[PDB]
Amino acid sequence: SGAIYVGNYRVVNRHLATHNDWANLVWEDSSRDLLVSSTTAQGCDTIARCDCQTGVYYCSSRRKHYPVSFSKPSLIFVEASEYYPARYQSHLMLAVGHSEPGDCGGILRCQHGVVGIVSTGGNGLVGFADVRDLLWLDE
Ligand SMILES: Cc1[nH]c2cc(C#N)ccc2c1CCN1C[C@@H](C(N)=O)CCC1=O
Ligand SMILES: [Zn+2]
């Protein structure tokens, strides 16, 4: 689990969105596993606007942060789950690192701010849903 709080928005994995998230829906994209809902309190997370390929992510299944190198956002094949059939997920970045399904939502950050959240994994790889292109999260 985990979310990004920026301005009047909450960014979560679309497959983990709650009833309140869907009743205050701003935008969702199944192909990216993202959902954004509106909040009443103001968030102070900063979103990165960069092309970094190094950062640190939080891994709840180890209660630890790990530094990683990660690929550029792209269309990558993701195996089936209870939430989606097997498909291409877009705007996804892979890194070599530990992750389990419950790790979804852990933040990946670089020196510029929040880059994305854990969304996929398996085989010693961890995949992050990018949020750096969502310029409207700031405006
Ligand atoms: C973060 C992670 N690490 C894993 C390791 C293993 C192992 N072994 C298995 C799964 C994972 C997952 C999450 C897989 N997943 C993908 C999500 C999506 N974005 O399509 C939908 C829900 C879901 O469970
Ligand atoms: Zn950066």
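Read the numbers this way: they start at 1 and go in the same order the structure lists the ligands and their atoms. Below, each value reflects all heavy atoms present in this structure, side chains not excepted, and no hydrogens, waters or symmetry copies. Along the sequence shown, residues are numbered consecutively beginning with 1.
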So which protein heavy atom does [atom] come closest to, and at what separation?
atom: atom 9 (C) of ligand 1; value: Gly121 O, 3.8 Å
atom: atom 3 (N) of ligand 1; value: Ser99 OG, 3.0 Å
atom: atom 8 (N) of ligand 1; value: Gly122 CA, 4.7 Å

Atoms in ligand 1 flagged as close to [X], the criterion being non-hydrogen separation under 4.0 Å:
X: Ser119; answer: 16 (C), 17 (C), 18 (C), 19 (N)
X: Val78; answer: 20 (O)
X: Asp33; answer: 19 (N)
X: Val118; answer: 1 (C)
X: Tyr84; answer: 18 (C), 20 (O), 21 (C)

[X] contact mode with ligand 1 (heavy-atom cut-off under 4.0 Å):
X: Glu100; answer: backbone
X: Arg87; answer: side chain
X: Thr120; answer: both

ask   = Is the backbone N or O of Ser60 less than 3.5 Å from a side-chain atom of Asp103, with the two atoms forming a donor-acceptor pair by type?
value =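 The answer is yes, because a donor-acceptor pair under 3.5 Å joins these two groups.
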Contact (N/O only, under 3.5 Å) between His15 and ligand 1 =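 No, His15 has no N/O under 3.5 Å of an N/O on ligand 1.
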key: Verify same cluster id: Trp27, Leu137 (apolar side-chain graph, 4.5 Å)   =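 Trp27 clusters together with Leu137.
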ask   = Taking the Zn ion (ligand 2) as the vertex, what is the angle from ND1 of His112 to SG of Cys52, given to 10 degrees?
value =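 Here the angle at the metal atom is close to 100°, to 10°.
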request  = Give a yes or no on whether a salt bridge exists between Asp21 and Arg10, defined as a side-chain N under 4.0 angstrom from a carboxylate O.
outcome  =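 So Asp21 pairs with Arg10 through a salt bridge.
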